[PDB]
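Shown next as structure tokens: one chain only, the form deposited in one PDB entry.
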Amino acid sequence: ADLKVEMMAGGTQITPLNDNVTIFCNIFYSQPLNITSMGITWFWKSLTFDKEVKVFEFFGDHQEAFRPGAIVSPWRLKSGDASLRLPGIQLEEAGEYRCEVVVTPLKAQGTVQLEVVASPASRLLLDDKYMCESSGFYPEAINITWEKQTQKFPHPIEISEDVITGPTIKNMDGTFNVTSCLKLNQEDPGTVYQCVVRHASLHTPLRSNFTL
């Protein structure tokens, strides 16, 4: 084609909740481009609702953002960069974004999936039974385990016996919490107990420790 659009390689963009995101869209055109007579429109739709809405409409003479703070800048366009910036991205803004460019009579488009993730914060509730509460994470998938390091065997051992993890619960802001319980008793002195939280938003597991 004479007119093409390239989005993020692979089709998916992941971003931390509340960060300022830039969703890529680069224009390729085989003939000289009049950026003042071109049209760029960004659309959004939830991954479960086929309802699609406009996020930003650019026309050489004028521009309109439908989601506040959203911007495609004329200066980036000079290098064919039609990327959309969304300051302070929210969980509800995850889903699929379509970039559509029109250079009459041609039209080109590209789509990308935006995934917004929130990292869990974890805390121990030690006041027989000990708890570990992880909170404010998104998506719901999470793996909570417990491990222990004793003096006699100085290496982590995962505790599978006597661990009951409660249901994942919903927060009004759209994130989730989950609490895991460790039952003890018959223990050696100086053992370090650890609640280990694994989630997609985490680059490394979150570990919270305590001794008795």
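In this text, residue numbers run from 1 along the sequence as written. C-alpha atoms forming the largest set that superposes within 1.5 Å between two forms make up the rigid core.
One more form of this protein should be noted, the form deposited in another entry, which is absent from this view; the next part is about it.
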*Comparing between this form and the one not shown on the rigid core, is the C-alpha shift at residue 157 2 Å or larger?*
yes
*Would the C-alpha of residue 34 be classed as shifted by 2 Å or more between this form and the one not shown after rigid-core alignment?*
yes
*Threshold 2 Å Cα movement between this form and the one not shown at residue 148, rigid core reference*: yes
